[PDB]
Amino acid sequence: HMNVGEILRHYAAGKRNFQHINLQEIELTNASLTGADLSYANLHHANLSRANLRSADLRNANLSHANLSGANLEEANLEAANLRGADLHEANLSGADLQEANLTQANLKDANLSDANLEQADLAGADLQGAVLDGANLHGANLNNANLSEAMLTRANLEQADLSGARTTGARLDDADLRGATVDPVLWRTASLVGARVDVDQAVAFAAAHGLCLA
């Protein structure tokens, strides 16, 4: 296990290779480790609140129940990372790679996921209230029972995503691509959808969700 003094001294010396390092429970609030290779690192329950991890490599890292509130993760590689129950509220994940990441039960309230890659990510039960996912790729993402209340999914790719059980009151889906997605009828009644791309079957479902009869 590497401690705070050690990792900050190494980083100060210009070292960036921290792959597979054990940093469980470490206290790194307001720390900057931009560009660090933390691939496969164990950061379980780490406190990384307001840390600057811009452009860090965190692929397949264990970030389960980590505190990443307000952290900068712009253009970070979080592919296949374990972020179950992590606190990412108000984090900047703009342009981050989160494909196939485990974000189950994560706190993403007011998170910035603009232009992020969330292809096949597992967001089941995640809280995305007030989050911004403009231009994000959610192709095939699992949004089962997620909270999307007041979330901005404008211009987002939701093709083949599963939004079963998602809360969508106040959700903003203008210009989103919904083709092939699985959604509850209530989505058609709650989301703003101007410019949203749909299949014919979905357009019919939109009409049915407003009480029209096709018999």
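Numbering starts at 1 and runs along the sequence shown.
The stretch with the higher mean CA B factor, choosing between 150-158 and 23-31, is 23-31.
Comparing 109-117 with 80-88, the stretch with the higher mean C-alpha B-factor in the PDB entry is 80-88. Between the residues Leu178, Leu38, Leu187, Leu48, it is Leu48 that shows the highest Cα B-factor in the PDB record. The residue among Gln129, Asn145, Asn137, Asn72 whose C-alpha atom has the highest B-factor in the PDB entry is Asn145.
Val200: CA B factor in the highest third of modelled residues in this chain (values from the PDB entry). Annotation for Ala166: CA B-factor lies in the middle third of the chain's modelled residues. Remark: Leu43 belongs to the highest third of its chain, ranked by C-alpha B-factor as recorded. In the deposited entry, the Cα temperature factor of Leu58 places it in the lowest third of its chain's modelled residues. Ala66 sits in the highest third of its chain by CA B factor, as recorded in the PDB entry.
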